[PDB]
Each structure stands twice: as structure tokens, then as C-alpha cells.
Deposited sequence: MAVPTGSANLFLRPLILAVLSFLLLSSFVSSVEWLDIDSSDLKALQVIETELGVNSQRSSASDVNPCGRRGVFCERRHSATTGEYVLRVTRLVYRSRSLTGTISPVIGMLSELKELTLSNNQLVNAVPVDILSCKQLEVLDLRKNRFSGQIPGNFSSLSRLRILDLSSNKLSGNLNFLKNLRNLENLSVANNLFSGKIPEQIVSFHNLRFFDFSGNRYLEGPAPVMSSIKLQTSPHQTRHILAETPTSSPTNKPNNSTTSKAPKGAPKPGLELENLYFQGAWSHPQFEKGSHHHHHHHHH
């Protein structure tokens, strides 16, 4: 029996509180998934938080900047809540992120261009929010398999690079009135 990493545990508390997830080793239950890893110190095996999955829980909070302290995070799934305000730039510290699913919330603001640094992203579902600005951050997300930005306020055009993505099997940017497709 392993224990959860002390730092991940402390970060999880603040993240859940700010999301609105209401009430020691939370791994493997209630939306928290962990994986066995070598600890920074010691080298002994410890559990790290790798997935936060909180669909359909009537959450009304926000994504705390402390999300960036979960260095091993692979999945943040927050679909079908009432979460508000901006996607924090601190999520760029989650370099291993593969799944970012924020569909059907009320997230607002813009996505900064350096979101393209999340090179491992495979599933990016921002659909049905109130996000705005351009989609230049998609330029270098070459591993995307599932991409939806539908039903937002995005404008400009899809980056031409999307034409070269080889794994893209689901793509939706409908419901963005001032948004045009990728064109040369």
C-alpha cells in the first residue's frame, strides 16, 4: 500500500475547494485517479495525482491556479458543470496534460497563445463556453485526436497547421459566428 504524495494532496485540497467539490488518501475514488511513481526525494514509490474527473456535479467554482502544482496531471475533465471565469495560465505547468475537457460550462476570457506548449494534448474540448479571442494556440497541438471549440465566441481563422494534423478524428468549430476555417 502506497501513500499519496504530500504535495499533490495539499494541492488537491485547494483545487477541490475552489471547484466546489464538497466533502486522507483520496486516490481511486470520487474523481481522483493516481499512479505509482518514483518520488523526487527518497526514490521510493509514491502515488501521484494524474486525473481529475468531475463531470456533472453542479460545480459553480473556478479552476484554481494551484492546478499547476499537479505536475503529473494527464487529465482534467470538468464537463457539464457551471464553472466560470478564465482558464488559468498556470495549467501550462501540467506539461503531461493529454485531456482537457471543459465542455458545457461558463468559462470566459481567452486562451493565451502559449497553450500550444501543451504538446501532449490529445483531447481538447472547450465547447459550449464563453471563450473568445483567436485560436492561434492550436497551431502546435499536433497530437490532437478530438478537438472541439464549438459554441463559443472565438474569431479569426483556424490555424492553417490543422490541415497537417494526422490524428484528428473529431473536429468541431461550429457555433462561432466570426470564425473561419483553415485556409492557405
Report the unmodelled segments of the deposited sequence as residue ranges counted from 1. 1 to 33, 57 to 63, 225 to 300
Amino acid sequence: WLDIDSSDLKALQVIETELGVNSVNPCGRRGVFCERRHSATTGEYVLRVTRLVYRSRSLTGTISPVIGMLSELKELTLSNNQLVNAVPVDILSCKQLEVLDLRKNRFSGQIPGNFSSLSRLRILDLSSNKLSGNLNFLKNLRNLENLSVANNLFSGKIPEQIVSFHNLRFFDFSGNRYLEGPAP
From here on, numbers count along this sequence of modelled residues.
Given 142 to 150 and 34 to 42, the range whose Cα B-factors average higher in the PDB entry: 34 to 42
Using only the Cα atoms and their B-factors as the entry lists them, report which of 24 to 32 and 133 to 141 averages higher. 24 to 32
What third of its chain, lowest, middle or highest, does the C-alpha temperature factor of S64 fall into? middle
Name the third of the chain's ranked CA B-factors that contains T50, choosing lowest, middle or highest. lowest
On the chain's distribution of Cα B-factors, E16 falls within the third called middle
Can you tell me whether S128 has a C-alpha B-factor in the lowest, middle or highest third compared with the other modelled residues of the same chain? lowest
Among all modelled residues of this chain, ranked by Cα B factor, put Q96 in the bottom, middle or top third, i.e. lowest, middle or highest. lowest
